[PDB]
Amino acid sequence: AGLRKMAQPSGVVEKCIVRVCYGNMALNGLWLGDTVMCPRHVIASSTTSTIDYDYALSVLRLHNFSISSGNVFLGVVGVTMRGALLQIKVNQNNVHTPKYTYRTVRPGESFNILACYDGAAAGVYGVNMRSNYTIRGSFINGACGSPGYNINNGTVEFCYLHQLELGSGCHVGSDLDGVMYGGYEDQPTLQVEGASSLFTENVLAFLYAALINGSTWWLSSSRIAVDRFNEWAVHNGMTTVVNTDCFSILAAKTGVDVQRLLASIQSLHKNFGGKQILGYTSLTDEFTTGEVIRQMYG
């Protein structure tokens, strides 16, 4: 029993973290094979006006880099721009490089953050990509370059490298192709997070988890059609539900169909009335159907 936002074990990723320093900048990089990827902000000088990164790279001195894995220092062979990242060729292969892929995540999907400082992992936690392409992380100074990942079949899927914090304190990364999530700029200038909506399919996953865990007080006897719900959703800060295939297993396990949960969501969106569901006092969209199924049934 239980539902917790959990991370996949971080060991295989820990071995890939490096410290990347240039001048007065210090952040984290990801060392895979003979390449280190890090945010290009490390070569910026520095704030608070628009950075010409191409110029910064053109005047770079390779020897001014300090890149290390614990005590092992890496020689820099070459540097190339990769969107919002530097792709740094180093003189050594990371012998502990896991089997890996890159994949850009989409809003509503979950992944793991390995928060790193000074080139060493400090903490690991799960997140879910919001509809405005930000995550609610926890990062302080030095965290840039912390990776996000999923693990499938022992293959590590890297999907995020930490880039910046917005004025409201939420967090934006790029994918490993160097494409910033949400199109935010890796510039010191003013940027505000876009509007966000609760991912209804994730909220549904959470309520199914609640039912599996014996929380049923909030459950409606009423129903509402997906069509009717979707009309209400867009005036009420939640996403539309298009397909319900992802709920077949959970509906079968519980005997509760999506339509009853949608009615429940409507009454729980305003108010939990002083009660809790699995410890929550407000609807959460941080869990996906896949997470819930894996967590309840393996």
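So that there is no doubt, residue numbering starts at 1 and follows the sequence shown.
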{"query": "Residue range whose averaged C-alpha B-factor is higher in the record, 252-260 or 237-245", "finding": "237-245"}
{"query": "Segment of higher mean CA temperature factor, 280-288 or 12-20", "finding": "280-288"}
{"query": "Largest Cα B-factor, entry values, listed residues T35, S69, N28, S46", "finding": "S46"}
{"query": "Residue selected from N153, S146, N150, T134 by maximal Cα B factor", "finding": "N153"}
{"query": "Assigned third (lowest, middle, highest) for the C-alpha B factor of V226", "finding": "highest"}
{"query": "CA B-factor ranking of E109, expressed as a third of its chain", "finding": "lowest"}
{"query": "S138 - Cα temperature factor, lowest/middle/highest third of chain", "finding": "lowest"}
{"query": "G167 - which third its CA temperature factor falls in, relative to the rest of the chain", "finding": "highest"}
{"query": "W217 - which third its CA temperature factor falls in, relative to the rest of the chain", "finding": "highest"}
